[PDB]
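Heads up: numbering here begins at 1 and tracks the sequence. Hydrogens, waters and symmetry mates play no part in the numbers below; they use all other heavy atoms, side chains included. Whatever order the structure lists ligands and atoms in, that order sets their numbers, starting from 1.
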Amino acid sequence: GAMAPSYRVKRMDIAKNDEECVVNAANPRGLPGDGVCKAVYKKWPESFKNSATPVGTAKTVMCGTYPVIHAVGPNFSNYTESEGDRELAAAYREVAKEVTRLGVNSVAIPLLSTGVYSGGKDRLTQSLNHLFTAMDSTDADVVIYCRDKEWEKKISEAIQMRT
Ligand SMILES: Nc1cc(Br)ccn1
Ligand SMILES: [Cl-]
Ligand SMILES: [Cl-]
Ligand SMILES: [Cl-]
């Protein structure tokens, strides 16, 4: 565990993270995909061996000894708001199980279902709150990666508001 488990946010490529493992915003078929998934494929291509896993689940594959936790958030184009909400919460619970099982002291994590799976909606708050629900009982240092300056501000504010 981390000595004083924390949340942090950084605005940069999750492929350049400084943590002991990474969560991929994966697709169910283990394809190279777009956005976070394509950056992860470029950095850790070996981790996409048998990475396919259903919506609402996480599957870890090692790239050398570095764990890549493939977390499949729902595509809100396909799911109802209600079913999508349930699957998004579930993907993060499976990430918390994997992070715990791996025994890491830190994890780099994107906001699931906020990009091309958002169904063209702003899901920062919805995705972040599910992240907190899952990860709050873990003792890993959590570092959330984003690319948008205003998202960075909002995420930082949401973290600081609970400290
Ligand atoms: N490569 C990336 C892309 C996004 Br979106 C967030 C973090 N890292
Ligand atoms: Cl960068
Ligand atoms: Cl996404
Ligand atoms: Cl972002």
Subject >> Listed partners of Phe76 passing ring-ring contact (aromatic ring centres under 6.0 Å, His included), at least two apart >> reply: none

**OP:** Output all residues satisfying ring-ring contact (aromatic ring centres under 6.0 Å, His included) with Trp44, sequence neighbours left out; order by chain, then residue number.
**Re:** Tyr66

Subject >> Residue pairs involving residues 95-104 (criterion side-chain hydrogen bond (donor to acceptor under 3.5 Å, both in side chains); sequence neighbours excluded) >> reply: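 For residues 95-104, and leaving out neighbouring residues, the side-chain hydrogen bond (donor to acceptor under 3.5 Å, both in side chains) pairs sorted by first residue read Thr60-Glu98, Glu94-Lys97, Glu98-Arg101.
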
Original post:
Below 6.0 angstrom between ring centroids: does that apply to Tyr92 and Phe132?
Top reply: no

Original post:
Is it true that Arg8 and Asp18 make a salt bridge, defined as a side-chain N closer than 4.0 Å to a carboxylate O?
Top reply: no

Subject >> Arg11 bridged to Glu150 by N-O distance under 4.0 Å >> reply: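 Here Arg11 does not pair with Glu150 in a salt bridge, since their nearest N and O are not under 4.0 Å apart.
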
**OP:** Show the protein residues that qualify under the rule heavy atom under 4.0 Å from an atom of ligand 1, listing them in chain and number order.
**Re:** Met12, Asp13, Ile14, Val36, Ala39, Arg147

